[PDB]
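One chain follows as structure tokens, the form deposited in one PDB entry.
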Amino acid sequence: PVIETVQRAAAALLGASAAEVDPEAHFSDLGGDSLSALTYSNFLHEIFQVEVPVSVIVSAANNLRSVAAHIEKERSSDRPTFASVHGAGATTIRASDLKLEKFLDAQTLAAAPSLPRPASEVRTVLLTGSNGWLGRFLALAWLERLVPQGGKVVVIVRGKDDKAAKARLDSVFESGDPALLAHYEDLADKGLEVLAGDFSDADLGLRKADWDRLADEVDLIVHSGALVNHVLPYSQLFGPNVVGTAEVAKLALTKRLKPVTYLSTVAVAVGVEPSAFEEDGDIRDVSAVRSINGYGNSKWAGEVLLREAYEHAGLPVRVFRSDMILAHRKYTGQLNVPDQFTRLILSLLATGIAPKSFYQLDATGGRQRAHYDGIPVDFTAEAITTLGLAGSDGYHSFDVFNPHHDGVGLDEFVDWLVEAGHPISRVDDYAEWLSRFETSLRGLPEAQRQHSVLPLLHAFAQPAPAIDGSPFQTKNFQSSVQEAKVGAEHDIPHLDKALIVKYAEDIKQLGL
């Protein structure tokens, strides 16, 4: 009796009794997370002989009863799947597999070439991933533009129902900053529609009525959503990142053509040297066979399908590859809490110790010039929204990285926290710092320790190479930002002291 096993497995896994784990509970509410969710997925897989993807277990849409329902269904009973596309238990994937024939119904494909062209005036945007870190500012940038022209922004969010989904959205904007909140509520009242859904599912997990309406009403689609996780295998990422990208394309190839903005990552550059990676090349020509880093490959496969859709039907695409997306420069408490950078700043303040340098020292033991490659999200959202609006034709890809040869890297960040009075001690020798720093992290209260850089300490094993600028190419993005005159900078910004200082305050204020 499936539900009873689901429960008992959960109890075992999470250190509860079976009485504490009622069917209406969510895996997350018992202390579940991505790590334990993987363990759970394999355990249930082995017992029932069916796929139980991590994404089923962690959706805010799914209690344990839903996970059990899924097992039942799959046990008896149809969408694209890793085996239907790549071959069952394959160990390589290849670009020649990722063909639209295998993701979409033939009828949709037959009609797409002769579909009406994109609307010349964008009045209603559909956005995925709006409760995500980047997505929330993409939503807010579209709202600031469209609401004053009486336009609309429709958003898809995971949740049990529309009101639940709306509530998940609302609370990402409650971050200790009243100004942000007033701003969001005001714009949201006027121009936001929130629908519960799931892009890994049929018709994006919506009611047929709303899918048929969006297919008619929507002028432009921004696909910011994905399962963003650097440990899961490709096969757990396939559903969200690949089939997800394809269900979005289905909407974009129905009733009339709809430009897609697609968020991606530098991780797609698997076994190619930075210097050899074309920012605006054909992505299918870049390691066209790959072994099974599943994040990178899942995002790549997404790109490839969109490329196939442009080749088939002339769907306008813009791809934006973006990795270290730092804190908002204006709204307080707004920062991506789980990201490596946040964790690091958190960790330096908690321990109060930093190395002379995070980077290779020189010949004589001295600090060298280095650069940290990230962009604040306020600019990133503005840039993406602006260049995405303008992409009504063709296919173009953009590396949203910070390319400046400015000498602004982690050592300047530490100097700046010190200049602003935070008590951080500088330790001359790196390997000493490293073992002291691990000691000091282990001594931390459990709440802090989990937020800190302690899980990812492998990545501070060595001092980083002392490198200015970025080795990947960024001229398409840099030159477009320049031409479009985005921001006060009319260029990619430089990371400044005001921002680093803001991170320490945002961290105090969120109570880490």
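Numbers for residues come from their place in the sequence shown, where the first is 1. In this text, rigid core is short for the largest set of C-alphas that superpose within 1.5 Å between two forms.
- According to the entry, the deposited sequence runs straight from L434 to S435 with no unmodelled residues in between.
- A chain break between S77 and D78 is present, corresponding to 1 to 3 residues of the deposited sequence without coordinates.
- Look at the mean CA B-factor for 268 to 276 and for 373 to 381 in the entry; the higher one is 268 to 276.
- A summary of the deposited B-factors shows that, of 84 to 92 and 252 to 260, the stretch with the larger mean C-alpha value is 84 to 92.
- For the set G129, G394, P403, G365, the maximum C-alpha B-factor listed in the entry falls on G365.
- Looking only at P178, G239, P355, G135, the residue with the top Cα B factor in the deposited structure is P178.
- Among all modelled residues in this chain, the alpha-carbon of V408 has a temperature factor (C-alpha) in the lowest third.
- Per the deposited record, the Cα B-factor of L454 falls in the highest third when ranked against the other modelled residues of its chain.
- The PDB entry assigns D399 a C-alpha temperature factor belonging to the lowest third of its chain's modelled residues.
- Sorting the modelled residues of the chain by their CA temperature factor places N293 in the highest third.
- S470: CA B factor in the middle third of modelled residues in this chain (values from the PDB entry).
One more form of this protein should be noted, the form deposited in another entry, which is absent from this view; the next part is about it.
- In a rigid core superposition between the shown form and the other one, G365 is the single residue of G281, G365, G394, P116 whose Cα is displaced by 2 Å or more.
- When the rigid core is held fixed, the Cα atom of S440 travels 2 angstroms or more between the shown form and the other one.
- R426 shows a C-alpha shift of 2 Å or greater between the shown form and the other one [criterion: core-superposed Cα displacement of 2 Å].
- Core-superposed comparison between the shown form and the other one: the C-alpha position of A182 differs by less than 2 Å.
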